[PDB]
4 protein chains.
Amino acid sequence: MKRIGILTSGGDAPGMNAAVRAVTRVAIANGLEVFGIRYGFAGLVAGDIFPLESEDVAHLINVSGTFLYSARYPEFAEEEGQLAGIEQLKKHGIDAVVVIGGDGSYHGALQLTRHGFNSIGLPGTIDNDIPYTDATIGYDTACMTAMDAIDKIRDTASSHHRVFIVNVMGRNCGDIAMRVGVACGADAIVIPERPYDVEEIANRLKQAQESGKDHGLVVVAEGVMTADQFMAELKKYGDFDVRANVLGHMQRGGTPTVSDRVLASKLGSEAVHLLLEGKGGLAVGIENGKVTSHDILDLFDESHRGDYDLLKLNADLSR
Amino acid sequence: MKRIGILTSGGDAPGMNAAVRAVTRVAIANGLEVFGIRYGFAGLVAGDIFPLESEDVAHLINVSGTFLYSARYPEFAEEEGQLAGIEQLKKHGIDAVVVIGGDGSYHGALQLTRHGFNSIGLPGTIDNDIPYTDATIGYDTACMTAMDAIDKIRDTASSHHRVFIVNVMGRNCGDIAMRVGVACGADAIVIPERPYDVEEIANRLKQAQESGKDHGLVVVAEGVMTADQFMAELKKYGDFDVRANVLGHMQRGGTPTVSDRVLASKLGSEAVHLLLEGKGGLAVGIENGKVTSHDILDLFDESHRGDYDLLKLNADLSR
Amino acid sequence: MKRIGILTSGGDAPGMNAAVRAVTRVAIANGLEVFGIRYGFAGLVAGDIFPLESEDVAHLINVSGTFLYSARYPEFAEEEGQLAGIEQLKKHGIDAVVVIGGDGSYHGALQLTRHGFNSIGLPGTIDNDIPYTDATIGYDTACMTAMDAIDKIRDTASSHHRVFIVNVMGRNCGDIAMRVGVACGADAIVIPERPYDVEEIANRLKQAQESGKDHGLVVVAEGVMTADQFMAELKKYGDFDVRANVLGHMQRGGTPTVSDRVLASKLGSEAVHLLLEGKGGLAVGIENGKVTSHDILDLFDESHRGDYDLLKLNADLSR
Amino acid sequence: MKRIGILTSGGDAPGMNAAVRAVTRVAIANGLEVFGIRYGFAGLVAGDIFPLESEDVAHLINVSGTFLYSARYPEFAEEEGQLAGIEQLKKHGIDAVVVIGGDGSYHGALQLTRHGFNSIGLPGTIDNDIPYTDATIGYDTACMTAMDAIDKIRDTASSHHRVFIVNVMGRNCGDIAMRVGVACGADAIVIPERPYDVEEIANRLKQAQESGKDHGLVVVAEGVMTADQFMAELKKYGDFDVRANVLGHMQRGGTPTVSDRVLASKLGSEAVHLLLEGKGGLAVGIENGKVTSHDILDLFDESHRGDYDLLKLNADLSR
């Protein structure tokens, strides 16, 4: 193995750039040549591939987004795109690929591996929705973005004795909602993985109101329903002074946190090392607070488990 | 004059607390006793009035919201509420009132003044929509809140070559939209005070796309239409890769900026000084970069003028 | 057990308030009465003890510092202070105490336990210098504070092709320095736990300069030497364009991060639960990414192990 | 006039990039060709001059520092460097120059103008120390950087009933200190332009202590003395629980605020317009809240006047 490729795929996340940096620099420290692949698997098929020198990854560690760009490509799942991407890989002498993205992009890493181009999946997504990892790159930053936004909501809610219903991101995963909900002392948190009871939430808010609390907050994972939809259901059970906000795509951006930058650096390094020892078809992540890797095949049979105990904890904390 | 009251009215804004602090401390430095009035004119009528000692305004300068609370009161405009509030004022020996709020609350300051309780209006609102002032307390902070959020939107937009349509607050005023739009290099800014042309905006975005720009941004004042509504109109004129976000009530909260804290302190001090020299029925603000005051009556005949030249400037800057 | 006390001891840290909140609310949810103890063990001896109602811990989760205050007390280690504190405990009917602080305060938790007042140590310190825990409350926030500050240093360094030597906090622990160093792409990191070589660092900086890098950064744990002292040594080995900054006590403050707020909430809850099951003399923390507890006695025989592999990682990343 | 040059000179400041952007885009909108000049007057003499296309100023508005770099050049004041820079200007067909920097760099703009290359000075410095302007680009951001840092200091000070002495930047100007001091409720502010009295400050702190205040803060402009030096003098007049911090070069960096980005955009545009109407030897800035320009010669006879009334205001606010 002499040359490696890097691509970012799926929805961008803060810290992707730190991962590209880490892969590039650890690879160059081990005698490898590095190539950037733009627009994910889309540019792979198009042949948007270029040499990445060590100097080319300067001033990136603190930068959000992906400087390589990301773009969706359905035909890469099919043999048409596979072969076209592979021909492009061969054209540039690339032997192996690091794929930075969500578990969706891991499919492409596996297909590449099966065609003789060993590949590693690296978790870059805000959602933390990948099996066998407790963290994905971008997740901590999204949580901070949402927390800071909801802190501001709590300021205005408190001045006015208002209840807010707030959508956070997550896709079909409730991890952002639970973590941000606890961090922002939400009265209730509503997620796809665990049952919720609108009437019970209404009762919580009523009791809090009676106890003199000057604000209310329900954090609703976007995967359940919109804030507007939840607010409408809530209003059936009581007369509340309530507003609904949807935080939106700000959760995908911003300079990556200390945790995201370090996580991206650890995982990028691990990916290169796995490749150096002749491994492929692996996804790297965090288990039991340490860096681990698994066959991508094994992830496709499993589901992400979030920290659902946070709901029980917040049940005590919300008064 | 021996005793003064303070109330916050209308939608809260970052820096209201710094204003209460400034009024309280400058009044106490001049031998006056100070009383807090909770829930704006609502608590005035209810008699929610208490002594504010100098120690009671510690640890407030950096705190968002209003610790006195704000709450709407229609009946205070009428003679029913006026007399009830006045009786409450007399009950606590209060001679004068500082009213911190939007130009809507200035009505109450004037009515109070007409009844022998000299009052000063102090501009506390994020919207910057008050005649004869170039700044209101909360405006700079809202602009920062919106800028930081839209910076994050620009990060994710750029990774994906996406156009974003983004609503910012302002009520019926375009000041936030223009200032934030320029600060975030929006392709176009859409405000209530000046005509806009969806087809022309579409042409801007098309040209930018052709020139290789990797993101688009239209900042739409909430006073024009929703981001969803603008996006729908835009899609008529071209096929864009576009999303729509509404920033929401986060713009009302957050720790006040250096400018908001200093502005609140200057204006609070000015209010007390005006009262000391036996003035009433005045609103304080900023003109030609300095602190000024005007008869509240004069504001009711005028309209806020924003810096519309920013649209012409941004016309050159957006490529 | 019917009544519990809470105190914060040692240097304050962001998230202490979230811990008091979590202890108070989880205790009240389990039928316990809660009492605040001000000024750590100092106020314990003075008898500065008061009832903490559930409403009294509202609007605290996002607040830095400790609202109970912290203050040093040498005589509490001695039997004089112990007995005096115990008499005060008995005076208020308190059966058990949660001690939020550094491993130094754990001594007091143990002494209390030995006198029939079961106590739990909870790690509140920015330094992450406690045995058997991978995280202390305040650590993530300090890391963010330092990262954000050093990002700004990197901006100005880059405009001017300057090298910066920067002290971060940590006491005698290098954890902040390593984590922040990696997050800010330092050319070198200098810590008390592992050898460093000024000449080698000078060589790194020289090579980087030759390669066209427009900034330099050495992160020096305060536990090694001052930035001024390091800069002086560095200047012996080369002629550098260099400045030295000491970040200072800002690292101790600021609103706690999402991780610190959740960590404080988990650990506060765990402390209450341990007490409910009749345990005492335990310190709670994080091992293998999960909440654990250990006999305080066992910590006194051990040393904190930091993630020193970060130095090897950063060796590759720094070019 | 067909071609214009842009350079940044002196200490960098957040918003310089927004100014380069604004100059470049407004110039291109008016049919001019634009050239970047690197390393200030140093690269001008070296001939580090290149074409700046409109696309080349994308993704700069939010970026700190100067992407063109800044670097000191003594010989440009002399006729040796002047002629060499001029020959370089002629080599690239450049007719006029926008100089972004401190009033020190304005000397170079004037010399250029005298040699037939009309030039405009644009205020880029954090210090706000330029005659005939109430604001310089970078000033608001530095104030925010210092405010946010000192807020954190106030958190830790309050937990411990500590007094902090804190140096902020400013060079020989007290503007940052006064503005930040008021914004952070300093007990006292110490600046070069107005007398201070250490004994009186000590008395303030003593009285505050007696009144139950849980923190102290003295903001000392770096132009007076170091925080260490002030603390030493203070300790003569009383026994205080005191620490000293120097904020340092973080004040020079960070993403520019909404005000700095808009200010840079207005002033950059104004510079281009002045050049278009055949003007030269002018410095642009803010007076009476509006954009103005003056002969550079006139600035050399005047001194910056800061808002010293803030000291009298803070005298009332500090209790």
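Any Cβ shown, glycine's included, is placed from N, Cα and C.
Per Swiss-Prot, the features are:
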ACT_SITE  C:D127  active site, proton acceptor
BINDING   C:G11, C:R72, C:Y73, C:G102, C:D103, C:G104, C:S105  ATP binding site
BINDING   C:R21, C:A22, C:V23, C:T24, C:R25, C:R154, C:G185, C:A186, C:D187, C:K213, C:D214, C:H215  ADP binding site
BINDING   C:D103  Mg(2+) binding site
BINDING   C:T125, C:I126, C:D127, C:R162, C:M169, C:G170, C:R171, C:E222, C:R243, C:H249, C:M250, C:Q251, C:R252  substrate binding site
DSSP-derived class (H/G/I helix, E/B strand, else coil) of C:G104 (ATP binding site): helix
Three-state secondary structure, C:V23 (ADP binding site) (per DSSP): helix
Which same-chain residues, if any, lie at least 6 apart from C:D214 (ADP binding site) yet have Cβ under 8 Å of it: C:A157, C:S158, C:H161
Number of other Cβ atoms within 10 Å of the Cβ of C:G185 (ADP binding site) across all protein chains: 25
Binding-site residues among C:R72, C:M169, C:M250 whose Cβ lies under 8 Å from any chain D Cβ: C:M250
Of the binding-site residues listed as C:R21, C:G102, C:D103, C:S105, C:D187, the one whose CA lies nearest the CA of C:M250 (substrate binding site): C:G102
Listed binding-site residues (C:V23, C:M169, C:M250) that sit near chain A [CB under 8 A]: none
Which listed residue (C:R21, C:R72, C:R171, C:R243, C:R252) has most other Cβ within 10 Å, given these are binding-site residues: C:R21
Annotated substrate contacts C:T125, C:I126, C:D127, C:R162, C:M169, C:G170, C:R171, C:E222, C:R243, C:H249, C:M250, C:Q251, C:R252, maximal Cα-Cα distance (Å, integer): 33
Spatial neighbours of C:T125 (substrate binding site) among the binding-site residues C:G11, C:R21, C:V23, C:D103 [C-alpha, 10 Å]: C:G11, C:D103
Least buried by Cβ count (within 10 Å) of the binding-site residues C:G11, C:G102, C:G104: C:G104
Binding-site residues near C:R252 (substrate binding site) (Cα-Cα within 10 Å), from C:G11, C:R21, C:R25, C:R72, C:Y73, C:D103: C:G11
Cβ atoms near C:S105 (ATP binding site) (within 10 Å, other residues, all chains): 26
Spatial neighbours, same chain, of C:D187 (ADP binding site) - Cβ under 8 Å, 6+ residues apart: C:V163, C:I201, C:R204, C:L205, C:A208, C:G216, C:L217, C:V218, C:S318
Inter-residue C-alpha distance, C:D127 (active site, proton acceptor) and C:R25 (ADP binding site) (nearest angstrom): 27
Collapsed DSSP category at C:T125 (substrate binding site): strand
Candidate nearest C:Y73 (ATP binding site) in space, where candidates are the binding-site residues C:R21, C:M169, C:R171, C:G185 and distance is Cα-Cα: C:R171
Integer Å distance between the CA atoms belonging to C:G102 (ATP binding site) and C:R243 (substrate binding site): 33
CB contacts for C:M250 (substrate binding site) [other CB atoms within 10 A, all chains]: 26
Whole-number Å value for how far C:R25 (ADP binding site) lies from C:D103 (ATP binding site) (Cα to Cα): 24
